[PDB]
Amino acid sequence: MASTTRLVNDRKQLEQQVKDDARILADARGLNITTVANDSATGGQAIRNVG
Amino acid sequence: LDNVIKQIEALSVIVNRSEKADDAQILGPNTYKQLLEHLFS
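Residues numbered from 1 in each chain as written, not as in the entry; some residues may be left out. Chains lettered and ligands numbered in written order. Part of a larger assembly, values for the part shown. Heavy atoms only, no water.

- cryo-EM is the method the PDB entry states for this structure, with the resolution given as 3.7 Å.

- Per the PDB entry, the recorded name for chain B is VP3, and the organism is Scylla serrata reovirus SZ-2007.

- Chain A goes by VP3 in the PDB entry, where it is assigned to Scylla serrata reovirus SZ-2007.

Spelled out as structure tokens, the structure:
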């Protein structure tokens with residue numbers, strides 16, 4: 001029942017903080033979008049009206 | 001004086017073959033034909 005009973009919570013706060021400020025200073029590169037094509041068709045059996 | 005025996009085919013084969021083609025659902029482009037005229041004045 002002293003300050004030794006808060007290390008895990010302090011470490012959790014540290015994890016969150018370091019992730020946050022490491023993301024903040026990151027420089028972002030604008031990726032080029034490729035692979036855009038109509039290759040998502042659907043199949044099936046023909047109905048082929050009889051008569 | 002010579003005969004060749006023909007092996008018969010199963011019913012499913014005939015039914016499958018009948019539906020293979022020769023159907024009037026899909027159309028196609030076409031144009032009119034011209035007839036000979038030979039006009040004069």
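Having put the structure on the table, let's press on.
### Concerning unusual backbone geometry
Working step 1: The phi angle at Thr35(A) is positive, at roughly 55°, despite the residue not being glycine.
Working step 2: Mapped onto the fold, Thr35(A) is located in the segment after α1 (7-24).
Working step 3: In this model, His38(B) sits at a positive phi of 55°, which is unusual for a non-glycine residue.
Working step 4: When you line up the elements, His38(B) lands in the segment after α1 (11-18).
Working step 5: The exposure class assigned to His38(B) is exposed, which follows from its relative accessible area of 75%. (Helix = DSSP H or I, 4+ residues; strand = E, 2+ residues; numbered from the N terminus. Buried < 20%, exposed > 50% of the residue type's maximum accessible area, 1.4 Å probe, protein only.)

### Overview of a nonpolar patch on the surface
Working step 1: Among the surface-exposed residues, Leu11(B), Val13(B), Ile14(B) and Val15(B) lie close enough to one another that they form a single nonpolar patch of about 370 Å² accessible area.
Working step 2: For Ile14(B), the position within the fold is in helix α1. (Patch = residues over 30% accessible without salt bridge, like charges linked within 9 Å, V, L, I, M, F, W, Y side chains within 5 Å. Areas by Shrake-Rupley, 256 points an atom, 1.4 Å probe, with all protein chains shown as cover. Salt bridge = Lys/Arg side-chain N within 4 Å of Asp/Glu carboxyl O.)

### Details of the pattern of salt bridges
Residue and element names in this part refer to chain A.
Working step 1: All chains considered together, the criterion is met by 1 salt bridge over all chains.
Working step 2: With a closest N to O distance of 3.5 Å, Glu 15 and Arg 11 form a salt bridge. Placement of the pair is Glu 15 and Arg 11 together in helix α1, with a separation of 4 residues, close to one helical turn.
Working step 3: A relative accessible area of 40% means that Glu 15 is categorised as partly exposed.

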